[PDB]
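Chemist: Residue numbers (the deposited numbering), protein chains in the order written: chain B, 58 to 113; chain B', 3 to 279; chain B'', 3 to 279; chain C, 10 to 57, 77 to 279; chain D, 10 to 58, 76 to 279. A prime marks a further copy of an entry chain.
All C-beta atoms, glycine included, are put in the ideal place defined by N, C-alpha and C.
First the structure, then my questions, so here it is.
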Amino acid sequence: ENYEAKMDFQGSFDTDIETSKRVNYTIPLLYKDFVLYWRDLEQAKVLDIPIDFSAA
Amino acid sequence: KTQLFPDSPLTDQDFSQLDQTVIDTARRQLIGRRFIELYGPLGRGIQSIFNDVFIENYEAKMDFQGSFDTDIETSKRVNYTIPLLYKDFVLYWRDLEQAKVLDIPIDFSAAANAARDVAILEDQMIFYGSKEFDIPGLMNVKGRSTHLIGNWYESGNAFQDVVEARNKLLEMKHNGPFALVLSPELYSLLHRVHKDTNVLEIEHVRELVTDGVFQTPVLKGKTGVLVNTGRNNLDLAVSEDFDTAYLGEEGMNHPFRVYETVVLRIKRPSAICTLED
Amino acid sequence: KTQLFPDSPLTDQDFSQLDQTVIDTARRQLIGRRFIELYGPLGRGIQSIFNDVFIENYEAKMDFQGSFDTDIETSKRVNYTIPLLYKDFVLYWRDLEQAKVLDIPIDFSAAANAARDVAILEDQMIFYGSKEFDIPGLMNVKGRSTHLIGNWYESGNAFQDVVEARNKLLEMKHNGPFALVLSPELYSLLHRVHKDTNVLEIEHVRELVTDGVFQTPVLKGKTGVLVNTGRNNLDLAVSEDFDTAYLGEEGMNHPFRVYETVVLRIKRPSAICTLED
Amino acid sequence: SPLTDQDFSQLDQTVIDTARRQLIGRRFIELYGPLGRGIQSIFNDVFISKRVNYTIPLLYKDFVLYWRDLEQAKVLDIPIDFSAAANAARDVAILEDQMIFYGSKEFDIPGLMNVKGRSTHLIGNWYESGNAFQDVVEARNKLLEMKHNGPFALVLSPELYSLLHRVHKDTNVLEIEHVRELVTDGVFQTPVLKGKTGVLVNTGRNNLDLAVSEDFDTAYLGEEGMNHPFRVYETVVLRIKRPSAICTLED
Amino acid sequence: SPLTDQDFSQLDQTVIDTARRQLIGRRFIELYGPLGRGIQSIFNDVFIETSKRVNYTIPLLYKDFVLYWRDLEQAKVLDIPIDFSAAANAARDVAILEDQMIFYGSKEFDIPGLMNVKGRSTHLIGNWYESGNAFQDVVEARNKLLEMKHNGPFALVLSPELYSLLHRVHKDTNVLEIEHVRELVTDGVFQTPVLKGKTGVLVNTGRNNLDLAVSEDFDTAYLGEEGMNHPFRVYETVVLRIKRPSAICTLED
């Protein structure tokens with residue numbers, strides 16, 4: 058439920074706050090693996106060219 | 003802030019973030035501020051305002067050299083009291099302490115709800131006025147044009163009604179750009195997909211209403227308002243804009259209040275037409 | 003200002019704000035300045051202007067080397083007197099003193115009304131001229147094309163009429179971009195939602211009129227004007243643009259006047275077509 | 010500014026003295042300071077709390093001085109006539125007293141004789157001896173029963189004030205001297221009240237007061253046809269905080 | 010507290026003046042000093058014609091008022107004096123309550139009052155409309171008080187109706203009944219709205235007969251901000267000690 062605002066020349070004295078139910082949640086983990094081969098990486102290193110990222 | 007709130011748990015950065023959140027939340031929901039100008043922030047020294055009502059206007063003159071007598075129209079003076087609109091929310095101490103120790107941003111979510119509620123209340127006050135303070139609204143002002151709508155389920159009736167309302171407004175020597183505000187039912191009926199034809203009446207209607215067509219949930223049933231905009235016809239006086247105050251710690255928690263003080267001044271009621279059933 | 007107004011209650015900042023308000027209010031309502039160029043601000047030393055009217059034009063030549071004789075067309079010279087258009091408003095002393103003591107912005111709302119009235123009068127003068135000063139207008143100039151419109155309640159008649167008017171204009175060796183100005187009734191009829199088809203004639207019409215289609219409340223009934231734009235066909239001479247003057251304190255109040263001095267020069271009347279009923 | 014500073018000083022003194030000699034309400038009602046020009050409306054809390081807003085009105089009257097007479101005055105070195113200024117100042121004071129004692133129906137401001145929540149006392153035949161004393165005693169008793177025990181002020185119409193000038197029977201004293209100790213703040217008369225009416229008011233700044241923005245003042249309207257017009261103006265209003273502290277002797 | 014020192018001083022002055030001009034019992038009753046807050050109960054020894079000791083508990087009287095932040099903000103901006111008006115109402119209510127407690131006592135704390143104490147004299151009044159009856163009644167009441175070895179300065183307190191009825195001319199005499207009555211009662215004649223109907227009290231004043239024990243006089247306290255407003259409370263702690271009940275004569279219908 059929700060409470061509306063009020064219109065007055067001066068503020069009142071009592072405050073109305075809605076109630077709620079508290080629940081606890083556990084943060085999951087989502088992951089996936091890929092692989093880079095050493096021959097291609099070494100060739101790129103020696104040739105000074107950008108590495109190919111396609112499995113990522 | 004924090005200059006006048008020495009005991010506030012938050013620091014200046016959290017207050018700035020809270021103000022930003024409140025302002026951003028209020029900006030989206032304020033339908034009435036998209037076509038009505040603001041008369042600046044006045045201040046705390048004003049508790050009442052004056053409004054002048056006109057009935058007639060005088061045209062200009064063409065001469066080689068200026069005349070000697072000046073003609074100034076008369077007006078009726080009324081006094082208005084600036085109301086206050088507010089809503090309260092609460093921050094719990096455990097979550098705040100955890101955020102402080104973990105050095106993570108504080109979660110402001112009740113403030114958004116309070117700002118949304120205050121904006122809705124302000125729009126309601128603008129469109130209907132305050133009965134206890136005796137302030138008129140757009141839909142109940144005295145000295146305004148009224149029109150009766152037909153069956154909008156058919157095609158072309160809405161265009162005819164809008165044209166007739168614009169003609170009624172033009173008869174009173176009002177030529178400025180016009181703005182249309184509609185209830186959700188009429189707004190949905192405007193976009194309805196017809197069976198006999200393939201027309202979209204919104205495209206035809208927007209040709210004439212050059213200041214935009216808006217919809218608001220405040221209006222009930224099938225009602226609408228056409229207004230000739232311009233700061234010389236109506237405006238808003240804002241004593242203090244959206245702001246937050248610390249009520250004071252209780253129950254180890256921390257309550258806050260969001261409040262504002264605005265009023266609507268209508269100077270030329272003849273520039274308003276209301277479409278009713 | 004305030005250099006020539008030592009006794010003015012306002013200071014330079016208030017005068018700047020007033021000028022900004024007047025200019026902004028006048029900009030929206032000036033329909034005639036959207037397709038007509040300005041011949042600069044001339045000054046106080048000019049009280050009359052000269053206009054040249056042409057009937058014929060000479061084409062260019064193609065040669066390997068230039069010829070020896072030059073052909074220059076003839077014209078008729080007329081003298082015009084620059085009129086003055088003005089409107090007065092008033093600021094009350096109690097409100098001004100309260101704003102001064104409270105250090106809040108002054109409310110300028112009568113100035114907007116005066117500027118709107120002056121702009122409406124200027125548009126009326128542009129579209130109809132001054133009878134007493136004997137200055138012709140667009141709808142009553144001598145040596146212009148006229149066309150008779152059909153029934154615009156049907157579909158396609160407006161397109162045919164516009165095409166015929168453009169053909170009439172093209173017959174006089176006028177190829178420049180064209181602008182169309184219409185009365186509110188015809189403008190509404192253009193956007194009308196038809197029952198037999200699902201056409202929007204405005205989209206078809208805007209294909210040919212590449213300088214925009216405007217509507218103005220100055221025109222009465224079902225009338226319109228098609229004009230071949232370009233500064234070599236018609237323009238506006240402005241001796242002094244929108245400005246405000248302090249009339250002088252009376253009754254402890256403060257009256258002000260908004261005034262301007264402009265005139266319209268038409269040089270090639272053959273580039274104008276008028277659609278009439 | 011046709012006049013120098015001396016002439017302006019004498020003009021201000023003339024207006025102030027003419028106004029002060031005629032005002033009645035200012036003799037027993039406190040002033041809520043010269044607030045200034047930064048305020049245009051005031052708030053009143055009727056403690057019975078209900079808050080209302082009153083718009084401060086403006087009272088003014090204009091006169092004119094001619095240039096031939098002024099020039100002759102400096103030529104002959106004689107005092108400058110200021111009769112018109114006094115004539116204007118009298119009317120402003122009269123209007124202020126009328127507003128205080130009856131209020132403005134257009135500004136919707138109540139007066140001392142028509143405010144709601146007051147006490148009403150019906151007087152008897154005052155042509156006899158002792159009836160006035162009995163009526164005053166009964167009115168003071170009505171005021172006392174409402175927890176009001178303070179200095180009292182009595183304001184009467186001239187006819188009733190004259191009728192009070194008689195001999196109190198069986199004691200051979202004037203009744204006015206028998207009333208002046210019950211009404212310890214004085215007894216006043218004013219031509220504003222007509223007929224057989226009167227008011228008894230428990231004084232005190234917590235019961236009622238007068239809020240002023242600008243006092244009596246003079247302004248130059250600017251030259252017109254070589255003459256010199258002037259305006260006399262002031263801005264005042266009356267706040268009644270305890271309507272129960274007023275008893276009206278009606279008929 | 011929003012107020013600075015000057016506003017607090019003005020508030021205290023207003024409360025003090027309002028209380029002083031409204032209190033009736035303090036005019037003819039002595040004060041047993043400002044005792045302080047280290048005492049919460051007092052002992053009274055009643056002499057009946076011996077001494078009976080009774081323990082009285084000091085009550086607390088209070089009333090609350092509120093200041094609205096909009097008004098102080100406007101006053102600060104416009105530089106105009108603040109309006110302390112609710113404080114006057116609170117002080118008046120507190121004074122009225124104190125006078126009622128003095129003249130009738132508290133049933134919760136079973137403290138006797140002037141008009142209901144045990145061991146007093148009672149006199150039945152007649153018709154005071156006729157001239158001279160009130161003088162006879164006062165004379166008879168003083169005579170009743172006289173045959174008790176009581177001859178000190180007497181004080182008379184009456185209801186407003188009886189007080190007004192006394193302002194006529196004495197029959198077969200030039201002067202009014204006020205002067206003749208004040209001749210006998212040398213400590214003044216007072217009236218209060220607390221008494222209702224035709225009732226009155228005649229008291230032989232003196233410190234040895236009755237007095238007032240005050241632990242804390244009129245004072246103001248700040249209750250802390252609430253809703254951006256500012257509440258205050260006016261309070262005091264007093265009690266009435268009657269030592270010689272035989273020195274009181276109550277005039278009743």
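Please report how far the alpha carbon of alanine 112 (chain D) lies from the alpha carbon of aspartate 73 (chain B'), in whole angstroms.
Modeler: Computed Cα separation, rounded: 50 Å.
Chemist: At least one CB of chain B' closer than 8 Å to the CB of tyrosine 248 (chain B''): is that the case?
Modeler: Chain B', which has no Cβ nearer than 8 Å to the Cβ of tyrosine 248 (chain B''), makes this no.
Chemist: Would you call the segment 90–105 of chain B'' and the segment 182–195 of chain B'' touching, i.e. three or more CB-CB distances under 8 Å?
Modeler: The answer is no - the segment 182–195 of chain B'' does not touch the segment 90–105 of chain B'', with fewer than three Cβ pairs under 8 Å.
Chemist: Could you have a look at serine 50 (chain B') and say whether DSSP puts it in helix, strand or coil?
Modeler: Of the three classes helix, strand and coil, the one that applies to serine 50 (chain B') here is strand, per DSSP.
Chemist: Do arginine 146 (chain B') and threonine 276 (chain B') count as a contact pair if the criterion is CB distance below 8 Å?
Modeler: Contact: yes.
Chemist: Please tell me whether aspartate 213 (chain B'') and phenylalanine 258 (chain B'') are closer than 8 Å, where the distance is taken between their beta carbons.
Modeler: For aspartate 213 (chain B'') and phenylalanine 258 (chain B''), no; Cβs fall outside 8 Å.
Chemist: At what residues does the alpha helix (DSSP H) containing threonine 212 (chain B'') begin and finish?
Modeler: Careful: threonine 212 (chain B'') lies outside any alpha helix (DSSP H) and carries neither H nor E.
Chemist: For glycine 45 (chain D), count neighbouring C-beta atoms within 10 Å of its own C-beta (all shown protein chains included) and say buried if the count is 16 or more, exposed if not.
Modeler: Exposed is the call here.
Chemist: Using the C-alpha atoms, what's the distance from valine 92 (chain D) back to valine 264 (chain B')?
Modeler: Going by the C-alpha atoms only, they are around 25 Å apart.
Chemist: By the DSSP assignment, the beta strand (DSSP E) with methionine 64 (chain B) in it spans what residues?
Modeler: Residues 63–65.
Chemist: Rounded to whole angstroms, how far is the Cβ of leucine 188 (chain C) from the Cβ of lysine 222 (chain C), which I believe are closer than 8 Å?
Modeler: At roughly 11 Å, the Cβ-Cβ gap does not stay under 8 Å, so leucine 188 (chain C) and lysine 222 (chain C) are not in contact.
Chemist: Is the distance from the Cβ of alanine 114 (chain B'') to the Cβ of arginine 233 (chain B') below 8 Å?
Modeler: Yes, they are a contact pair.
Chemist: First and last residue of the alpha helix (DSSP H) that includes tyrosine 130 (chain C)?
Modeler: Where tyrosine 130 (chain C) is concerned, the enclosing alpha helix (DSSP H) stretches over 111–130.
Chemist: So with Cβ pairs under 8 Å, would you call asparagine 234 (chain B') a contact of chain B''?
Modeler: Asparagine 234 (chain B') counts as touching chain B''.
Chemist: Here's the rule: buried if 16 or more other CB atoms are within 10 angstroms of the residue's CB, otherwise exposed. What is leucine 249 (chain D)?
Modeler: The residue in question, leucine 249 (chain D), is exposed, as its Cβ has fewer than 16 Cβ neighbours within 10 Å.
Chemist: Pairing CB atoms from the segment 117–137 of chain C with CB atoms from the segment 30–45 of chain C, are three or more of them under 8 Å?
Modeler: As far as the Cβ criterion goes, the segment 117–137 of chain C touches the segment 30–45 of chain C, which means the pair count is three or higher.
Chemist: Using CA atoms only, rank isn't needed, just tell me which of B'':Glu209, B'':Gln100, B'':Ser190 is closest to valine 165 (chain B'').
Modeler: Comparing Cα-Cα distances from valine 165 (chain B'') to each of B'':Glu209, B'':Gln100, B'':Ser190, the minimum goes to B'':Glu209.
Chemist: So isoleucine 51 (chain B') packs on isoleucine 84 (chain B'), CB below 8 Å; how close in whole Å?
Modeler: That belief holds up - the Cβ atoms of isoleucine 51 (chain B') and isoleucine 84 (chain B') are roughly 7 Å apart, short of 8 Å.
Chemist: Could you work out which residues of chain B' lie near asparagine 81 (chain C), taking near to mean beta carbons separated by less than 7 Å?
Modeler: Under the 7 Å cutoff, chain B' gives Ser50, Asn81, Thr83.
Chemist: What does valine 265 (chain B') touch in chain B if you count any residue whose Cβ is under 8 Å from its own?
Modeler: Correct list: empty, because the minimum Cβ distance to chain B is about 11 Å.
Chemist: Do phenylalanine 110 (chain D) and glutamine 217 (chain D) come within 8 Å of each other at the CB atom, strictly closer than that value?
Modeler: Against a cut-off of 8 Å, the Cβ pair of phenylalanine 110 (chain D) and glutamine 217 (chain D) comes out as no contact.
Chemist: I need the straight-line Cα distance from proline 43 (chain C) to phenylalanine 244 (chain D), nearest angstrom please.
Modeler: Going by the C-alpha atoms only, they are around 33 Å apart.
Chemist: What residues in the segment 87–116 of chain B'' have a beta carbon less than 9 Å from any beta carbon of chain C?
Modeler: If the cut-off is 9 Å between Cβ atoms, the segment 87–116 of chain B'' has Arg96, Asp97, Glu99, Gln100, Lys102, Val103, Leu104 near chain C.
Chemist: Taking 8 Å as the threshold (beta carbon to beta carbon), is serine 69 (chain B) in contact with chain D?
Modeler: Yes, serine 69 (chain B) lies at the interface with chain D (some Cβ there is under 8 Å from its Cβ).
Chemist: Quick check on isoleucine 122 (chain B''): buried or exposed, where buried means 16 or more other Cβ atoms within 10 Å of its Cβ?
Modeler: Under this definition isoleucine 122 (chain B'') is a buried residue.
Chemist: For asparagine 200 (chain D), which three-state DSSP category applies?
Modeler: Residue state, collapsed to three classes: coil.
Chemist: Provide the residue span of the beta strand (DSSP E) that contains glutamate 278 (chain B'), from first to last.
Modeler: Taken as a continuous stretch (DSSP letters only), the beta strand (DSSP E) holding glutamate 278 (chain B') covers 274–278.
Chemist: So, is the C-beta of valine 165 (chain B') closer than 8 Å to a C-beta in chain B''?
Modeler: Output row for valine 165 (chain B'): interface = yes.
Chemist: Quick check on the DSSP output: the alpha helix (DSSP H) that includes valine 24 (chain B'') runs from which residue to which?
Modeler: 14–31 is the span of the alpha helix (DSSP H), which, as asked, contains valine 24 (chain B'').
Chemist: So which of B':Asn159, B':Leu150, B':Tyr88, B':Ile151 has the shortest CA-CA distance to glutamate 124 (chain B')?
Modeler: The shortest Cα separation from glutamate 124 (chain B') among B':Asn159, B':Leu150, B':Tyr88, B':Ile151 belongs to B':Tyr88.
Chemist: Report the residue ranges of all beta strand (DSSP E) runs contained in full by the segment 130–207 of chain B''; include only those spanning at least 3 residues, in chain order.
Modeler: DSSP runs (the beta strand (DSSP E)) wholly in the segment 130–207 of chain B'': 147–150, 180–184.
Chemist: Is the shortest distance between the beta-carbon of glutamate 61 (chain B') and the beta-carbons of chain B'' less than 8 Å?
Modeler: For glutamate 61 (chain B'), the answer is yes, since a Cβ of chain B'' falls inside 8 Å of its Cβ.
Chemist: Kindly identify the DSSP beta-bridge partner or partners of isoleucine 268 (chain B'').
Modeler: B'':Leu236.
Chemist: Note down the Cα distance separating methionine 64 (chain B) from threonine 246 (chain B''), rounded to an integer number of angstroms.
Modeler: Those two C-alpha atoms are separated by around 42 Å.
Chemist: Straight-line CA distance for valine 215 (chain B'') to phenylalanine 56 (chain B'')?
Modeler: Straight-line Cα distance between these residues: approximately 27 Å.
Chemist: Closer than 8 Å by C-beta to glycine 47 (chain C): which residues in its own chain qualify, once you throw out the five before and the five after it? Chain order, please.
Modeler: No residues qualify anywhere along the chain.
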